[PDB]
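In the authors' numbering, the protein residues as written are 462 to 512. Data first, discussion second: the structure below is written as structure tokens.
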DNA sequence: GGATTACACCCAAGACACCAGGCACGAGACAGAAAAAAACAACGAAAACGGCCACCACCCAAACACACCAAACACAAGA
């Protein structure tokens, strides 16, 4: 708790219960912790290996 | 080494320090530092033995001369 800075944020989130498919999608979500500090468009790109 | 990286708006969710060694006071012990005395240097006073002038005699130094040897112009030889 005392190291909230330098800790990953948003690893836990409030489950989305607006509709059923939103819940099913939130339970299957993934996150790359690149951060928005940086305009490198490469890791944002759909890649061949994503198939 | 720092410093900057769209603009506006909506919603939800959690916390809004707890707990542990330092300042003061709280008391011992060798070290930060102070007091003393005894073997350290010198100087005053007495004792007698080492130092200076005689006396003295035998051993080294100088003179005389010896024969002996090293040596130096030159009459002769020589290329």
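Each residue gets a CB set at the ideal place from its N, CA and C atoms; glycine is no exception.
Rounded straight-line distance, which links the Cα of residue j to that of residue i
{"i": "residue 492", "j": "residue 479", "result": "21 Å"}
{"i": "residue 485", "j": "residue 465", "result": "29 Å"}
{"i": "residue 499", "j": "residue 467", "result": "17 Å"}
{"i": "residue 450", "j": "residue 462", "result": "This structure does not reach residue 450, given that the chain is present from 462 up to 512, and the question cannot be answered."}
{"i": "residue 483", "j": "residue 473", "result": "16 Å"}
Collapsed DSSP secondary structure at residue i in the structure displayed
{"i": "residue 481", "result": "helix"}
{"i": "residue 509", "result": "helix"}
Same chain only: Cβ atoms within 8 Å of residue i, ignoring 5 sequence neighbours per side
{"i": "residue 471", "result": "492"}
{"i": "residue 494", "result": "469"}
{"i": "residue 496", "result": "none"}
Supposed close pair residue i, residue j - CB separation, criterion 8 Å
{"i": "residue 487", "j": "residue 476", "result": "6 Å"}
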